[PDB]
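Peer 1: Below you'll find the structure I mean.
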Amino acid sequence: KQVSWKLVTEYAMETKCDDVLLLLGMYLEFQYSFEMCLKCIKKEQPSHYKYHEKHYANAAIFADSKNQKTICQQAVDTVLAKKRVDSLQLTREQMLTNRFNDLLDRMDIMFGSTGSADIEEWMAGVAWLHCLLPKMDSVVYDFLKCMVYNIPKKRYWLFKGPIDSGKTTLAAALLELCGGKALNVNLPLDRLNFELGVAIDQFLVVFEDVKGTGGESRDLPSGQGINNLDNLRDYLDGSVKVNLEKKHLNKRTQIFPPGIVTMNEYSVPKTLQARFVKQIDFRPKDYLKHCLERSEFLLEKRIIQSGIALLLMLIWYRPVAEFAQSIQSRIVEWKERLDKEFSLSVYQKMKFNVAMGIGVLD
Amino acid sequence: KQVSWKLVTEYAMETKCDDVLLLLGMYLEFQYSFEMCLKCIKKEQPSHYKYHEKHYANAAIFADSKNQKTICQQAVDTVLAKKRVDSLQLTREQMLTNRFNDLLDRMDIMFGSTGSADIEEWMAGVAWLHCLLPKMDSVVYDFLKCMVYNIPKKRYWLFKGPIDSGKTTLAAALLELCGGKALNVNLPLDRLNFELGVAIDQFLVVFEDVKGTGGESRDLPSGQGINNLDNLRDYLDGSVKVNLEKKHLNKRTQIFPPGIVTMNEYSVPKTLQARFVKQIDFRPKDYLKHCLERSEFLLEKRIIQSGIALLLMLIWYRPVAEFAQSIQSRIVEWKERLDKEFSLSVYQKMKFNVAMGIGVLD
Amino acid sequence: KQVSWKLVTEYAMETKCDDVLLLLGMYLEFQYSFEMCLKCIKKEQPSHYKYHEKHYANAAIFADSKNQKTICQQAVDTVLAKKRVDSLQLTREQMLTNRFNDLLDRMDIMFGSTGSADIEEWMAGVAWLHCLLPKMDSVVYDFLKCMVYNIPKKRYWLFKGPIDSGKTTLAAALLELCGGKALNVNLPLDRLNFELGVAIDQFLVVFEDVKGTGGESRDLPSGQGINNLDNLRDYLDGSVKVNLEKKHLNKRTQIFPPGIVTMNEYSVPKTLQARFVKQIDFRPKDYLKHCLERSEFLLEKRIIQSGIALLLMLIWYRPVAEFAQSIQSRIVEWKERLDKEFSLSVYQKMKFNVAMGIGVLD
Amino acid sequence: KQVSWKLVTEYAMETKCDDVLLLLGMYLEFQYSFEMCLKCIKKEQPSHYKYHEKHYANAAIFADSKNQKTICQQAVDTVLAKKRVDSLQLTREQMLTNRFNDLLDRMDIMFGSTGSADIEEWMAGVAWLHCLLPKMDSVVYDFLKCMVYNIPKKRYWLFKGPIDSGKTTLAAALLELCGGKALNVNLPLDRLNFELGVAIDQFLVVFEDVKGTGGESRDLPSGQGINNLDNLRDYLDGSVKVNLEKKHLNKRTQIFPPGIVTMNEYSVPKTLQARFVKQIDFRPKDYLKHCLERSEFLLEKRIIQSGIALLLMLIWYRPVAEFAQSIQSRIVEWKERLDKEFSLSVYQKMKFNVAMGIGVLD
Amino acid sequence: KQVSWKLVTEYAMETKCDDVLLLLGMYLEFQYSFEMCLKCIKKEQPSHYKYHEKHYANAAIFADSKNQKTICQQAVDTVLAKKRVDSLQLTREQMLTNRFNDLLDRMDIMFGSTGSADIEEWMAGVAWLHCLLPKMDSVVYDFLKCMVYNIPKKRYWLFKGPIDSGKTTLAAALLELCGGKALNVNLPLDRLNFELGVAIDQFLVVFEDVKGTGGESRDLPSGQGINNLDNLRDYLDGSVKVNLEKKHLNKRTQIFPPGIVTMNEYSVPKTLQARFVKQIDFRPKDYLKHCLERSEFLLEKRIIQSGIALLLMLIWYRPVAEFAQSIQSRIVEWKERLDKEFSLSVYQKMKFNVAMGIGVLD
DNA sequence: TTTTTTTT
Ligand SMILES: Nc1ncnc2c1ncn2[C@@H]1O[C@H](COP(=O)(O)OP(=O)(O)OP(=O)(O)O)[C@@H](O)[C@H]1O
Ligand SMILES: Nc1ncnc2c1ncn2[C@@H]1O[C@H](COP(=O)(O)OP(=O)(O)OP(=O)(O)O)[C@@H](O)[C@H]1O
Ligand SMILES: Nc1ncnc2c1ncn2[C@@H]1O[C@H](COP(=O)(O)OP(=O)(O)OP(=O)(O)O)[C@@H](O)[C@H]1O
Ligand SMILES: Nc1ncnc2c1ncn2[C@@H]1O[C@H](COP(=O)(O)OP(=O)(O)OP(=O)(O)O)[C@@H](O)[C@H]1O
Ligand SMILES: Nc1ncnc2c1ncn2[C@@H]1O[C@H](COP(=O)(O)OP(=O)(O)OP(=O)(O)O)[C@@H](O)[C@H]1O
């Protein structure tokens with residue numbers, strides 16, 4: 001009649017929960033009967049209803065515990081340990097293979113019985129995106145492969161172009177795809193130390209909107225970024241490890257993650273420019289805005305923001321062999337759903353609408 | 001029956017594992033039945049497959065205990081305590097001898113060749129590197145003398161040159177073939193005095209670029225570097241037994257570690273001297289880029305970053321007595337393994353190709 | 001049947017260890033069966049081999065204990081507490097005996113089984129050092145008892161002299177013998193707050209040359225320092241206690257320490273002169289520098305700044321009566337070495353060599 | 001058999017010791033056999049020898065304790081509470097009675113059989129100080145009573161005079177007679193805030209060398225202090241509580257304590273002048289200087305600075321009843337002691353001799 | 001047997017003590033037998049002699065506890081909890097009624113059998129304050145109502161007049177009567193952030209000496225405060241909640257307290273003029289000056305600053321029904337005491353002769 | 001004890 005710390009640790013592992021407060025909160029819900037658990041009846045949250053009946057009996061005794069935070073602490077530690085072990089041992093290809101498996105599990109329930117998504121809407125987003133730039137999907141693949149190999153001195157891509165020209169809109173989807181974080185280099189010289197400290201164990205980073213000093217004749221305000229990146233040239237090249245730091249915790253040391261920069265059409269040092277591998281200079285395209293005006297439901301649902309939209313685009317455009325073996329099994333299934341669910345001229349109609357600037361559906 | 005904290009502390013000692021999170025993660029892998037273990041079968045990481053057979057019985061009991069992080073702390077303490085003893089009592093030679101042996105062991109896998117690389121790559125590595133500097137081999141040797149003799153005045157070497165000159169990559173490689181840490185000091189020091197616990201218990205530290213107080217008036221970005229160096233002219237001259245402030249990181253009293261100062265072509269007030277072996281020049285020189293461009297495996301496999309790519313240079317030339325008195329058979333074996341495998345006139349291919357600025361493998 | 005904490009504390013006292021990782025690491029070395037202990041076989045370190053045989057059985061139980069760092073923390077407190085009892089109750093004369101043991105114990109290493117450096121170079125120092133000043137050894141013993149009696153007003157000697165006159169050099173050797181700190185007063189006034197705050201709690205100090213507004217008559221850089229200096233009478237004469245301070249931190253309130261002033265030959269008021277016991281007018285002088293510029297191995301060993309070479313000089317020159325009575329029984333053992341090893345012609349030759357301006361070793 | 005924490009608490013109380021480390025160290029000394037205790041034999045510190053025999057039995061078992069520091073921590077907590085109770089509840093006259101009982105204890109040592117200094121030599125100082133200002137002893141009793149009553153506005157005394165007028169000497173002795181702190185207000189308006197925080201919970205403050213304005217018309221260097229004081233009228237007046245601040249801490253509210261001001265002959269605004277209850281000028285006096293020249297032991301033993309000297313003077317001159325009733329019993333025996341140890345003729349002979357400017361003794 | 005932690009929790013709740021060392025220190029006093037406790041026999045401190053016999057045995061056991069500070073922390077946190085509860089739940093009228101009860105209790109000691117003050121001197125005090133303004137009691141009654149309603153906009157009062165006019169005297173008395181804190185907005189704009197953190201949870205605040213600018217046309221120094229107050233509009237109007245900040249604590253939110261602004265007769269922006277309900281002008285009145293000269297016990301005993309005198313003014317003047325419902329019983333009884341102690345004739349005679357500036361008492 | 005506040 002005592003806490004199975006083991007059963008608690010199973011749940012924290014299986015959910016990948018890594019906040020002690022969230023773990024505590026979630027586990028407590030299992031104290032009441034699953035038998036009439038209205039959340040289970042709603043099938044509302046899988047992280048709840050998948051587990052409640054199994055964990056109920058343990059959670060009933062957990063509710064009486066006087067140690068509760070300590071039990072959750074050791075549970076969370078086990079989840080963090082797995083993250084650390086993986087970060088040292090796995091190849092980046094395998095890390096990314098796992099990241100696909102996570103998102104593909106999420107795409108189960110979104111389209112399952114709960115199913116609250118509409119697959120039509122999400123593919124309108126792909127059609128809008130794929131219309132954005134020539135040969136769109138191939139560019140995503142090239143970024144991902146570069147990110148996988150992590151070729152030293154060849155780690156960063158330049159996105160350039162006017163305000164609202166969609167570079168952030170693209171980038172947000174890429175970041176959700178890989179997992180990673182965003183940071184700002186418009187800050188006072190190398191005073192950014194604890195913000196660059198964010199990048200510990202991250203797979204990818206993205207920097208927003210370098211305020212290129214001197215562009216303001218063209219209404220482009222100046223700022224720190226250009227020369228902060230003139231400074232961080234080792235972080236650009238990645239040819240060395242560095243320290244990074246966070247509070248009431250040890251330092252940590254690693255290669256710095258590869259990433260993306262976004263900027264307006266400020267000038268740039270040709271040398272700093274030569275530290276980037278590649279550019280994408282975005283331009284406004286009115287018909288996409290007119291399309292959006294008539295297609296509000298996308299943004300209400302953040303569809304074009306979402307890495308889930310990119311994944312559907314690759315499942316659409318790419319051969320099955322283009323991805324790691326085990327997920328090819330899943331990718332095959334995700335061909336099947338598209339094959340079944342769309343007539344090809346459905347996508348034609350949709351992308352045809354996008355180009356005509358009508359609402360994507362009609 | 002009981003968890004044996006002893007058996008855990010053995011594993012920490014033997015792996016030389018040195019973070020509670022890494023250690024905790026590792027040991028929990030053993031809790032599955034060894035006889036079946038897929039990682040043992042797969043032979044993926046020796047830090048597991050060498051040990052799972054032995055520790056499995058104990059890990060079963062470890063997995064149940066309600067205080068797991070405490071065991072890992074005591075075990076990590078033992079590994080760090082071992083390092084702190086040797087941090088005092090060793091001759092400078094035996095420290096460097098320790099550092100070397102592990103590279104030989106890694107080379108045993110690499111070139112006893114259950115590990116992967118083609119030594120031809122790293123011979124080509126030595127070609128690219130050894131071409132960089134007049135008498136580079138002696139430069140490495142002369143550094144090691146200055147290090148192993150801990151020499152006052154001579155305690156620092158000043159790398160002056162443009163960026164992309166390699167000076168930092170060189171310094172970092174000596175942070176491989178020697179232990180040590182990098183450092184930055186270009187700020188008003190008041191609360192920053194707490195940082196150099198990083199330099200406590202170091203044989204060596206490298207001061208990164210002097211972001212000067214004259215600064216961008218030199219076309220080189222500003223900071224507090226030059227004046228801070230001028231101020232701490234006591235410490236650079238080794239005048240002080242280290243009582244710099246901590247940031248949790250605990251105490252080995254020492255003279256401040258020797259090493260390098262680096263400078264992207266900034267100004268210097270002549271007062272800063274009486275305090276080095278010398279200043280040292282560096283330049284980018286296109287043909288070396290021409291070769292690298294034609295040889296970028298040197299960069300992909302990070303050959304040029306490595307201090308492995310300096311160790312191998314030593315083997316190929318020096319009398320074994322210039323190395324440790326004791327280790328001498330190990331180097332003789334590796335000498336033979338490559339003295340057999342090339343004449344100098346073979347990999348003189350690489351030398352003259354690098355000298356010509358042209359690709360360094362066939 | 002259990003760890004005796006008592007024996008750990010004895011060892012912690014007898015080592016005078018006061019860092020927890022050091023004590024922990026070392027005491028675990030006693031684990032192995034003492035009879036074969038290879039550190040004992042080699043006689044590596046007495047702090048081991050004088051103890052393992054005694055402590056052995058207890059160290060077995062220690063290694064099996066489940067709270068090791070808690071034992072070590074209490075033992076370290078016992079050692080550091082002893083210092084603070086002594087920090088209260090001891091006279092400056094008894095406190096001076098620390099220096100002598102500190103110096104002699106280090107010197108045992110310096111001429112250890114390693115003969116860590118050839119003691120003959122240290123004696124070649126002792127020779128050259130005595131060459132530098134009229135009645136050099138008496139000039140030291142003058143300063144010694146000057147600093148013992150700490151006599152108010154009668155507290156300070158002015159090291160006057162031109163650039164590169166060895167004043168700082170002798171101060172450095174004196175500061176080696178004695179310890180100290182160095183400070184600057186040419187600073188703007190706001191600095192002195194914390195700058196002088198640095199002087200807090202030290203047995204002796206020096207001031208860097210007072211760059212002073214009139215010296216640039218010579219172009220002696222005309223910092224604020226001399227006008228700044230003649231405000232500070234209460235500190236110098238040590239008549240009355242004074243406040244000191246630290247960044248981010250409180251005042252401290254104490255009698256101001258004694259010590260040394262360097263300067264190059266600015267003008268001064270007799271107002272300032274009266275603060276001093278004494279003045280010394282260094283200059284660079286012929287066969288002293290011109291011997292060293294041959295015998296620069298002593299620059300490389302910095303014996304030219306070695307307070308422990310002053311200690312050998314004292315042991316050579318001075319009556320047994322000149323030293324605190326108990327510790328005379330060590331000094332005799334060093335006298336006996338010097339008598340044999342520097343049989344008189346050895347010493348006489350070395351000094352004579354310097355007196356020929358020619359390499360002190362021949 | 002258990003440690004008695006109570007005996008440790010009593011020792012911490014009786015020694016009035018409030019550093020956990022100092023307390024710990026001293027209590028350990030008692031574990032060794034009392035009989036042969038060389039500290040006891042040398043009568044080295046009463047804090048030891050007047051206690052070792054009492055505590056020895058408990059100290060031995062305390063030396064076996066596993067938890068030693070917590071015992072000492074609780075003991076220190078006892079003493080700090082006792083201070084804080086007293087600080088909030090005693091009358092000012094009781095606080096001064098405490099200071100006097102304390103000094104009388106130390107004088108029992110100085111002139112006891114241990115005889116650590118000559119009562120002759122200290123009485124030489126009393127004569128010299130009684131000669132420093134007219135009616136010296138009467139002025140001292142006034143000042144003490146003024147601080148004891150602390151009547152609002154009637155709280156501050158002015159010590160104005162040239163350099164080497166001795167005003168610092170008098171202030172030091174008074175501050176030693178009462179306990180208190182010096183302050184500097186030649187700071188700018190920034191630093192004052194933490195400077196005044198020094199005064200927290202003191203009995204006296206002394207303001208040092210307030211540099212006025214325009215003084216170089218009389219060669220006096222000018223500065224902030226006078227103008228700063230005249231803002232602080234409400235701190236001087238002492239009629240309402242003020243907010244006081246320490247670094248890293250919240251503000252505190254209390255009445256600013258009474259005190260003393262020193263300066264050269266600057267002009268004083270009538271506003272500031274009016275807030276002083278007495279002005280006491282000082283003058284240089286040649287016969288004091290020529291007398292003091294020969295009575296060298298006065299400076300070299302710091303007699304004329306010491307509050308022990310002031311306490312002696314009050315005993316020699318004042319009526320018994322003028323003392324608080326508790327110490328009056330001790331005053332009798334000290335008067336009677338001194339009245340044995342000197343005639344009036346002896347004492348008046350010193351005063352006469354000092355007026356002649358000649359070495360004090362014959 | 002055991003320590004009753006609950007009896008300590010009573011004693012803290014009883015005494016309202018909320019400092020662990022004051023609580024600790026007092027609780028320890030009781031361990032000696034109250035029967036001979038001289039603090040009891042003296043009845044010197046009510047917080048002792050009321051309680052000693054009651055807590056005797058528990059203190060005797062508490063004196064042997066090994067957990068002493070743990071007991072006290074729990075007790076102290078109980079008292080903090082009560083304040084926190086009341087800080088939310090009470091009305092402003094209850095807070096004022098609570099505050100009045102505290103003062104009445106101290107008055108009953110002061111004028112009790114212990115009688116440590118003379119009610120006639122305190123009544124003499126009341127007369128002088130009545131003469132400071134027209135209709136003084138009506139003014140006080142207006143002020144308190146304005147505070148208790150705390151009506152937005154209508155929250156602040158301005159005191160104005162030349163220096164030595166009584167404004168600070170009245171402010172300090174009103175501040176004692178309600179409780180509150182004083183603040184100095186004349187700082188520069190940065191630390192003013194932390195300055196306002198003092199206002200947290202206060203019933204009331206006072207702004208000192210808000211320095212104008214260009215006041216030197218009126219012989220006044222310029223400053224900063226007024227410009228800062230215009231940057232603080234809504235803090236005064238009390239319409240909206242504000243953020244507040246102490247050192248080393250995360251911010252909190254509340255309506256900023258009502259209060260009083262004080263200045264010498266600078267000019268005011270009409271933007272600032274709009275904040276205030278009312279302003280009161282103070283004129284220097286020499287006959288008060290002459291009265292204080294001849295009535296010194298007023299100042300010396302700090303009568304005229306103390307809120308007790310304002311409460312006496314309220315009791316002697318105001319009709320009973322104006323007081324909060326519960327205390328009307330006590331107030332009636334105190335009026336009855338005052339009518340016993342004085343005829344109106346006597347009070348009228350005091351108020352008369354003050355008007356001619358002769359000393360009060362006759 | 002850091003981290004924040006102090007420092008700047
Ligand atoms: N190329 C485009 N043409 C027209 N409208 C666009 C384009 N790209 C994005 N939009 C619209 O502008 C909005 C903002 O786009 P986005 O933030 O990606 O632009 P941005 O140039 O990267 O801007 P910023 O630098 O401010 O982040 C989008 O949500 C979409 O509504
Ligand atoms: N001789 C060369 N000519 C041109 N490019 C070179 C040469 N040597 C190295 N490089 C390039 O410069 C890149 C950066 O080198 P590295 O950072 O070591 O230079 P550095 O001078 O030490 O720079 P910094 O001091 O600014 O960090 C290398 O990865 C390589 O691609
Ligand atoms: N008489 C001498 N014989 C040998 N070396 C000398 C002599 N005088 C000076 N030197 C050398 O001059 C160099 C500088 O000496 P040091 O720092 O003590 O001089 P300083 O006068 O204090 O310096 P500064 O020029 O800064 O005032 C040292 O190498 C010292 O050994
Ligand atoms: N009245 C005096 N007449 C002559 N010499 C004096 C007198 N008072 C002090 N001295 C000499 O001046 C020295 C300094 O004394 P002290 O610091 O007390 O003087 P001060 O005038 O108060 O100083 P400050 O200038 O620091 O205010 C004494 O040690 C003594 O040598
Ligand atoms: N009406 C008055 N007429 C003359 N003197 C007065 C008057 N009121 C107060 N005083 C005198 O002024 C002294 C100081 O009073 P108080 O501090 O309240 O003045 P203030 O003008 O408010 O000062 P500040 O503006 O400097 O804070 C009192 O102790 C008293 O001696």
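By convention in this document, the chains of the structure tokens carry letters A, B, ... by their order, each chain's residues are numbered from 1, and ligands are numbered from 1 in the order they are shown.
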Name each residue within 9 Å of ligand 2, counting only C-alpha atoms (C1' of nucleotides) and all ligand atoms, as a PyMOL selection string.

Peer 2: (chain A and resi 152-153+231+233-234+237-240) or (chain B and resi 132+159-172+208-209+262-264+282-290+292-293+296+299+304-305)

Peer 1: I'd like the neighbourhood of residue 1 in chain F as an mmCIF file with N, CA and C atoms, in the first residue's frame, where a residue qualifies if any of its atoms comes within 12 Å (using only C-alpha atoms (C1' of nucleotides)), though same-chain residues fewer than 6 positions away should be ignored.

Peer 2:
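And here is the file that came out, selection_4.cif:
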data_model
loop_
_atom_site.group_PDB
_atom_site.id
_atom_site.type_symbol
_atom_site.label_atom_id
_atom_site.label_comp_id
_atom_site.auth_asym_id
_atom_site.auth_seq_id
_atom_site.Cartn_x
_atom_site.Cartn_y
_atom_site.Cartn_z
ATOM 1 N N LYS A 247 20.926 30.056 -14.902
ATOM 2 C CA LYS A 247 21.016 30.396 -13.477
ATOM 3 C C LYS A 247 21.000 29.181 -12.548
ATOM 4 N N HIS A 248 21.620 29.357 -11.369
ATOM 5 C CA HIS A 248 21.624 28.375 -10.278
ATOM 6 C C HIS A 248 21.852 26.962 -10.797
ATOM 7 N N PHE B 194 33.501 37.266 -10.404
ATOM 8 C CA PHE B 194 32.959 35.982 -9.975
ATOM 9 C C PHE B 194 33.191 34.855 -10.991
ATOM 10 N N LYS B 246 34.290 33.315 -6.848
ATOM 11 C CA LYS B 246 33.574 32.156 -7.372
ATOM 12 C C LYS B 246 32.193 32.502 -7.930
ATOM 13 N N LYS B 247 31.591 31.491 -8.599
ATOM 14 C CA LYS B 247 30.174 31.460 -8.983
ATOM 15 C C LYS B 247 29.681 30.013 -8.763
ATOM 16 N N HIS B 248 29.485 29.654 -7.486
ATOM 17 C CA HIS B 248 29.430 28.275 -6.974
ATOM 18 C C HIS B 248 30.693 27.432 -7.193
ATOM 19 N N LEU B 249 31.353 27.583 -8.340
ATOM 20 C CA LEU B 249 32.500 26.749 -8.708
ATOM 21 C C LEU B 249 33.674 26.897 -7.727
#

Peer 1: After a least-squares superposition of chain C on chain B over all Cα atoms matched in order, what is the RMSD to one decimal?

Peer 2: 3.7 Å

Peer 1: Can you pull out the residues contacting range 3-5 of chain C? Cut-off 10 Å, using only C-alpha atoms (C1' of nucleotides), and skip same-chain residues under 4 positions away; I want them as a list in words.

Peer 2: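 The contact residues come out as residues 9, 10, 57, 58, 59, 60, 61, 62, 63, 64, 65, 68, 71, 72, 74 and 75 of chain C; 63, 64, 65 and 66 of chain D.
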
Peer 1: Limited to C-alpha atoms, could you put the picked residues into a file as a JSON list (two decimals), in the first residue's frame?

Peer 2:
[["chain", "number", "residue", "atom", "x", "y", "z"],
["C", 9, "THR", "CA", 39.47, 14.96, 11.54],
["C", 10, "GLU", "CA", 42.98, 14.08, 12.73],
["C", 57, "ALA", "CA", 41.23, 0.05, 8.33],
["C", 58, "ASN", "CA", 39.07, 3.13, 8.82],
["C", 59, "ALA", "CA", 39.34, 4.09, 5.15],
["C", 60, "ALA", "CA", 37.81, 0.73, 4.22],
["C", 61, "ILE", "CA", 34.72, 1.60, 6.25],
["C", 62, "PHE", "CA", 34.84, 5.17, 4.92],
["C", 63, "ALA", "CA", 34.57, 4.05, 1.31],
["C", 64, "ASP", "CA", 31.49, 1.97, 2.20],
["C", 65, "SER", "CA", 29.77, 4.87, 4.00],
["C", 68, "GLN", "CA", 30.97, 10.81, 2.76],
["C", 71, "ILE", "CA", 32.06, 13.77, 7.29],
["C", 72, "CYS", "CA", 34.52, 15.74, 5.18],
["C", 74, "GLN", "CA", 32.87, 18.79, 9.44],
["C", 75, "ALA", "CA", 36.58, 17.94, 9.29],
["D", 63, "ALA", "CA", 34.67, 16.41, 20.13],
["D", 64, "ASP", "CA", 32.93, 13.09, 19.36],
["D", 65, "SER", "CA", 29.76, 14.77, 18.07],
["D", 66, "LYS", "CA", 28.75, 14.03, 14.49]]

Peer 1: Once DSSP has gone over the backbone, tell me which residues of range 39-87 of chain A are in helix (DSSP H, G or I), as a count of residues only.

Peer 2: 39

Peer 1: Between CA of residue 83 in chain C and CA of residue 26 in chain C, what is the distance in Å, rounded to a tenth?

Peer 2: 21.3 Å

Peer 1: What residues in chain F have any atom no more than 10 Å from chain E when counting only C-alpha atoms (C1' of nucleotides), and can you write them as a ChimeraX atom specification?

Peer 2: /F:3-5

Peer 1: Those same residues, written as a CSV table (one decimal), in the first residue's frame with N, CA and C atoms (P, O5', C5', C4', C3', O3' and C1' of nucleotides)?

Peer 2:
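File produced: result-v9.csv:
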chain,number,residue,atom,x,y,z
F,3,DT,P,23.7,32.6,-10.0
F,3,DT,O5',22.7,33.7,-9.8
F,3,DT,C5',21.4,33.4,-9.3
F,3,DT,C4',20.7,34.6,-8.8
F,3,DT,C3',20.6,35.7,-10.0
F,3,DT,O3',19.3,36.1,-10.0
F,3,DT,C1',21.4,36.7,-8.0
F,4,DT,P,18.8,37.3,-11.0
F,4,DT,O5',18.9,38.6,-10.1
F,4,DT,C5',18.0,38.6,-9.0
F,4,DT,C4',18.4,39.6,-7.9
F,4,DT,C3',18.2,41.1,-8.4
F,4,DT,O3',17.5,41.8,-7.4
F,4,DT,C1',20.4,40.8,-7.6
F,5,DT,P,17.2,43.3,-7.5
F,5,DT,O5',18.4,44.0,-6.8
F,5,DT,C5',18.7,43.8,-5.4
F,5,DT,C4',20.0,44.4,-5.0
F,5,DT,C3',20.1,45.9,-5.1
F,5,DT,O3',20.9,46.4,-4.0
F,5,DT,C1',21.8,45.0,-6.3

Peer 1: Neighbouring residues of range 135-141 of chain B were defined as those with any atom within 12 Å, considering only C-alpha atoms (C1' of nucleotides); residues of the same chain fewer than 4 positions away were excluded. Please report them as a PyMOL selection string.

Peer 2: chain B and resi 126-131+145-148+157+170-171+173-175+177-178+277-278+280+307+309-319+322-323

Peer 1: Could you name the residues that touch residue 359 in chain D at 7 Å or less, counting only C-alpha atoms (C1' of nucleotides), but leaving out those on the same chain fewer than 3 positions away, as a list in words?

Peer 2: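 Near neighbours after the sequence-gap exclusion: residues 291, 294 and 295 of chain D.
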
Peer 1: For chain D against chain E, which residues fall within 6 Å using only C-alpha atoms, given as an MDAnalysis selection string?

Peer 2: chainID D and resid 81:82 85 151

Peer 1: If you keep N, CA, C and O atoms, can you produce a file of those selected residues as a compact mmCIF listing (two decimals), in the first residue's frame?

Peer 2:
# COMPACT_ATOMS: atom_id res chain seq x y z
N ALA D 81 20.26 36.99 19.73
CA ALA D 81 18.99 37.38 20.34
C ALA D 81 19.20 38.27 21.56
O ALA D 81 18.55 39.31 21.70
N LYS D 82 20.12 37.88 22.44
CA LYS D 82 20.39 38.67 23.63
C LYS D 82 20.81 40.10 23.29
O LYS D 82 20.36 41.06 23.93
N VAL D 85 17.49 41.90 21.94
CA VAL D 85 16.68 42.27 23.11
C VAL D 85 17.25 43.52 23.76
O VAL D 85 16.56 44.53 23.95
N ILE D 151 19.54 64.88 24.04
CA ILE D 151 18.42 65.83 23.95
C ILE D 151 18.33 66.35 22.51
O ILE D 151 19.33 66.83 21.97

Peer 1: Which residues come within 8 Å of residue 253 in chain B, counting only C-alpha atoms (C1' of nucleotides), excluding same-chain residues fewer than 3 positions away, as a PyMOL selection string?

Peer 2: chain B and resi 200-201+241-243

Peer 1: Would you output that residue set with N, CA and C atoms, as a PDB file, in the first residue's frame?

Peer 2:
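Contents of selection.pdb, as written:
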ATOM      1  N   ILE B 200      40.082  28.599 -12.247  1.00  0.00           N
ATOM      2  CA  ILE B 200      40.558  27.808 -11.122  1.00  0.00           C
ATOM      3  C   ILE B 200      40.609  26.329 -11.482  1.00  0.00           C
ATOM      4  N   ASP B 201      41.692  25.673 -11.068  1.00  0.00           N
ATOM      5  CA  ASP B 201      42.048  24.332 -11.528  1.00  0.00           C
ATOM      6  C   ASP B 201      42.144  24.263 -13.050  1.00  0.00           C
ATOM      7  N   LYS B 241      48.605  34.548  -6.227  1.00  0.00           N
ATOM      8  CA  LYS B 241      47.972  33.265  -5.934  1.00  0.00           C
ATOM      9  C   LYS B 241      46.456  33.441  -5.892  1.00  0.00           C
ATOM     10  N   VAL B 242      45.761  32.644  -6.700  1.00  0.00           N
ATOM     11  CA  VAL B 242      44.421  32.965  -7.190  1.00  0.00           C
ATOM     12  C   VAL B 242      43.416  33.023  -6.042  1.00  0.00           C
ATOM     13  N   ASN B 243      42.878  34.218  -5.821  1.00  0.00           N
ATOM     14  CA  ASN B 243      41.777  34.514  -4.914  1.00  0.00           C
ATOM     15  C   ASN B 243      40.765  35.408  -5.624  1.00  0.00           C
TER      16      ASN B 243
END
